[PDB]
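A single chain, nothing else alongside it, follows as structure tokens in the form solved without the ligand.
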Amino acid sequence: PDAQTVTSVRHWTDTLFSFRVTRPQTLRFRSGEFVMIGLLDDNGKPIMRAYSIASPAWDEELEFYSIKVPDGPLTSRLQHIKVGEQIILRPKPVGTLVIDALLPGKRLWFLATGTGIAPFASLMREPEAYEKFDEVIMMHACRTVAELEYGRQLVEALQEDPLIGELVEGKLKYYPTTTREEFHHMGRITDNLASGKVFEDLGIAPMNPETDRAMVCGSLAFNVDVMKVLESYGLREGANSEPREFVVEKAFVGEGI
């Protein structure tokens, strides 16, 4: 296990924070993949958990978007990490959220809830996403507006950037929604896709197997529901050894906080 130093930390809500760490020189990955990271307990025993790398493959530093679980073995400790302190990291990437598992197309959809946006914070910054596909749709559904902030600022930084912030316009479309707090756009991803509301709001044609591709990251129950909706539009689940129209990955184990 490689120990890496935290370079920056930002909290967002009472259950969410993000941090950046130095990257192991031996680490080579594809945007969307995850790695095991952790800390040592009081007895020096490692507490490891899977984390999507939230930074693109070209970033010289690694970024992570994390939940804070009450009494959670890892995050009850990780939430207190400070710049200069170190975390543990297994520089062996894995995961199913890789562009190599999708057939080239015109529109790439990122469907995520909560911290599930993590792998997409990486992919939205991955040049290949805008090369192998023409448009990227970021659908992020959370309970409140504060939970959407990390993603909002990231999207804003991309669309507002002097250099590419103009070259991204029209290519990266952001569709955030809340399921509880009043917001200009609300509703679950499954519902807005099934009712066609999202197609209407974005002014686009319905989802189809020929031009649309999707990546899903939320609870297991969310993944299962979303998969059904994607299939109801003709898309099929693919893999690295057989690219199709969509791939999914659990954002966590269990029901979620």
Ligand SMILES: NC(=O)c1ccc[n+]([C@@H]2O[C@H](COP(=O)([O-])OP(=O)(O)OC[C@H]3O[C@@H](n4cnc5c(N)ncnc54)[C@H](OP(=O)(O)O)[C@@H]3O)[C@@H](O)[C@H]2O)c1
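Position 1 is the first residue in the sequence shown; the rest follow in order.
Heads up, the form deposited with the ligand bound isn't pictured, but that's what we're talking about next.
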| property | result |
| --- | --- |
| Partner contact for residue 29 in the entry with it bound: the ligand, 4.5 angstroms, heavy atom | no |
| Contact flag, residue 231 vs the ligand in the entry with it bound, heavy atom cut 4.5 Å | no |
| Contact of residue 141 with the ligand in the entry with it bound (heavy atom, 4.5 Å) | yes |
| Distance check, residue 221 to the ligand in the entry with it bound, heavy atom within 4.5 Å | yes |
| Check all three, 180, 188 and 252, heavy atom within 4.5 Å of the ligand in the entry with it bound | yes |
